[PDB]
Amino acid sequence: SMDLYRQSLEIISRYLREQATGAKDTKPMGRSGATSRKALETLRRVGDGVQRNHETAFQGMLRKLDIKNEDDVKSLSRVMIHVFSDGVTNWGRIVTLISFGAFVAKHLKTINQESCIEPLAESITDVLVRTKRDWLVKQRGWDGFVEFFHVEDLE
Ligand SMILES: Cc1ccccc1-c1cccc2c(CCCOc3cccc4ccccc34)c(C(=O)O)n(CCN3CCOCC3)c12
């Protein structure tokens, strides 16, 4: 889906870019902006927690990947599908994919590979929308993501 890819890329690239730079993007959101803004807010809350709680595993995975240049970033796509396409599909695994994406984006800045952040964001969005299309549609896309992590109103 064109609209699902577009919205997912906007959310994912905004999170990875602001995690690496330390500064939010003031540029307005495109189509379905209200959902995208709520999704980015949820991603910041949940995603920052995932990076803190799974720091040892994220450091371990980053070391195994041994990312040194732009060719290594292009090959990340096949490692992503090997790990992500094996087993169950849920929002927890999706937030892990994106959160590790931000952890990798920060490392990319450190090694002067900031130009690889946007192709990284596109690769993550590609793996997500291409492999989990049907599941994402059944779960109401990004509205479903926001609702899933919304627990303060359970009573
Ligand atoms: C949290 C955890 C705990 C214990 C060990 C590893 C992890 C762990 C670490 C990192 C990411 C994930 C994912 C996201 C998908 C891969 O993301 C990428 C892979 C490769 C490159 C990527 C690049 C950019 C963005 C995502 C990339 C999952 C997941 O799919 O849940 N896990 C758990 C992995 N399981 C462990 C048991 O063995 C079965 C697999 C991950």
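- X-ray crystallography is the method the PDB entry states for this structure, with the resolution given as 1.9500 Å.

1. Details of the UniProt feature "short sequence motif: BH3" in the protein chain
Next up, step 1: UniProt tags residues 39–53 as "short sequence motif: BH3".
Next up, step 2: This span, residues 39–53, is 100% helix and 0% strand, and a straight line between its end C-alpha atoms measures 20 Å.

2. What about the packing of aromatic side chains?
Next up, step 1: Under the criterion given, the structure shown has nine aromatic pairs.
Next up, step 2: Aromatic side chains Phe100 and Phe103 sit 6.2 Å apart centroid to centroid with 20° between the ring planes, which places their arrangement in the stacked category. One end of the pair is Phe100 and the other is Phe103, both in helix α5 (residues 91–110) and three residues apart, which spans about a single turn.
Next up, step 3: A residue is classified by how much of its surface remains accessible, and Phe100, at 15% relative accessible area, is buried.
Next up, step 4: Given a relative accessible area of 16%, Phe103 falls into the buried group.
Next up, step 5: Considering the side-chain rings of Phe145 and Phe149, the 5.2 Å spacing of their centres and the 70° angle between planes classify their relative orientation as edge-to-face. The pair formed by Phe145 and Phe149 is uniform in burial state, with each residue classed as buried.
Next up, step 6: Here a set of aromatic residues connected by ring pairs shows up, and it is made of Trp91, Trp135, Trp142, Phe145, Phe148 and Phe149.
Next up, step 7: The ring of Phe84 has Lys132 lying over it, and the distance from NZ or CZ to the ring centre is 5.5 Å.

3. Quick look at the pattern of salt bridges
Next up, step 1: Enumeration according to the criterion identifies eight salt bridges in this entry.
Next up, step 2: Between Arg133 and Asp134 there is a salt bridge; the shortest N-O distance is 2.8 Å.
Next up, step 3: By relative accessible area, which is 44% here, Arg133 ends up partly exposed.
Next up, step 4: Look at the salt bridges and you will find they share partners, linking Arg17, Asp25 and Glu118 into a network.

Thresholds applied
- Residues numbered from 1 in each chain as written, not as in the entry; some residues may be left out.
- Heavy atoms only, no water.
- UniProt positions renumbered as here; feature names shortened; annotations may be inferred.
- Helix = DSSP H or I, 4+ residues; strand = E, 2+ residues; numbered from the N terminus.
- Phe/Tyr/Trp six-rings, centres within 6.5 Å; stacked < 30°, edge-to-face > 60°.
- Buried < 20%, exposed > 50% of the residue type's maximum accessible area, 1.4 Å probe, protein only.
- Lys NZ or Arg CZ within 6 Å of the ring centre and 35° of its normal.
- Salt bridge = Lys/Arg side-chain N within 4 Å of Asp/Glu carboxyl O.

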